[PDB]
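Below sits a lone chain in structure tokens, taken as the form solved without this ligand.
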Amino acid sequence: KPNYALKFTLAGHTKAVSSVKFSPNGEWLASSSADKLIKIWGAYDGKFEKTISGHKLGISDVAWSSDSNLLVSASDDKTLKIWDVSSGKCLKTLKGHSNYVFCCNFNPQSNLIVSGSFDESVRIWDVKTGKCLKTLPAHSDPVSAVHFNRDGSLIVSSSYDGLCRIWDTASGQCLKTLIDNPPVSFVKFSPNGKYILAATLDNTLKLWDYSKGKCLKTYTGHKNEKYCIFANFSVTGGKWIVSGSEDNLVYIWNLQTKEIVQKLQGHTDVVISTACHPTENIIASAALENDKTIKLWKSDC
């Protein structure tokens, strides 16, 4: 069992936090908020580093390029924005979604950005030029998550329509649809790319084998009925599943046995987002409007 303990509480967002992500070099945490801002904090000392601004409306998601030099943000103003982290300046504004942009991610090469929107489409963008390369009619309801696999050849998407879909990046064609219809609020590939972790709004997380299309594991005990809450594979120490919860707790499960091994307390509102540090046993969690803070937790395993 892990022993995550609170080390820092990061204040400064003036509305609900929507997503937190560690930089791939392990050095930074980026947070996006309904307050229209991105904030950059030190991963190991919790020190506030900078505020990044320019979106006209709230931000639902943020993601790092592989070299930790760029961010992409997804906003209610219907655009994504590509930022140089060092200078904080907006390099590109990615226009073309006709409704709120909900989720974003770089591919491993980080020449491409994938986005999902309330307009039910998934879009693939060229990082250098800001042009939309492809628009996939991915879903019949808002798209809750998008994620590249380890080489970027696949995109996985989830939606309130109840579907998980795996797309071939190069062609944009749908390679597989997981239908086995509760609303899917989050999805992401496992680090090796063989498995897919999907959250449904019936208080359930499921671990699927992509190539077999089979639910391998089910993780329960948390409250997830309304919000799109991030989940993670924790691999730095023990192999855990990590998720936020609507009871203001961070849940940690043993991946293989599906048993809850820890529940982190301290947030005062829905823990909308959790993220796992790339090298250290460190978790970042973030909560909604009644809390507005980010918390850093450290474990010996």
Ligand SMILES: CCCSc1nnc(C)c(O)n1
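In case it trips you up, residue 1 is the first one in the sequence shown, and so on.
The modelled chain is continuous from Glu225 to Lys226, since every residue of the deposited sequence in that stretch has coordinates. The stretch 191 to 199 shows the higher mean C-alpha B-factor when 138 to 146 is compared against 191 to 199 in the entry. Across the two stretches, 162 to 170 and 209 to 217, the PDB entry reports the greater mean Cα temperature factor for 209 to 217. When the Cα B-factors of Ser121, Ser86, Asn111, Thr79 are read from the PDB record, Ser86 comes out highest. Which of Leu175, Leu71, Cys103, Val156 has the largest Cα B-factor in the deposited entry comes down to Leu175. In the deposited entry, the Cα temperature factor of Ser285 sits in the bottom third of values across the chain's modelled residues. In this PDB entry, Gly244 carries a Cα temperature factor that places it within the lowest third of its chain's modelled residues. Per the deposited record, the Cα B-factor of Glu27 falls in the lowest third when ranked against the other modelled residues of its chain. When all modelled residues of the chain are sorted by CA temperature factor, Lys258 is found within the highest third.
Among the modelled residues of the chain, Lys39 sits in the lowest third by CA temperature factor in this PDB entry.
The form deposited with this ligand bound exists for this protein as well; it is not shown, and the discussion that follows is about that form.
The three residues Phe106, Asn111 and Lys128 each lack any heavy atom within 4.5 Å of this ligand in the entry with it bound. Note on the interface: of 170 to 178, 130 to 138, 89 to 97, 187 to 195, the segment with non-hydrogen atoms within 4.5 angstroms of this ligand in the entry with it bound is 187 to 195. With the partner omitted here, the residue from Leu255, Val250, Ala275, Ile40 that has a non-hydrogen atom within 4.5 angstroms of this ligand in the entry with it bound is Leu255. Though the partner is left out of this view, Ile260 does not reach within 4.5 Å of this ligand in the entry with it bound, counting heavy atoms only.
Within this chain, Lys56 is remote from the site of this ligand in the entry with it bound, having no heavy atom within 4.5 Å. Among heavy atoms of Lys47, none comes within 4.5 Å of this ligand in the entry with it bound. Contacts of stretch 228 to 254 with this ligand in the entry with it bound, defined by any heavy atom lying within 4.5 Å, are made by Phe233, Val235, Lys239, listed in sequence order.
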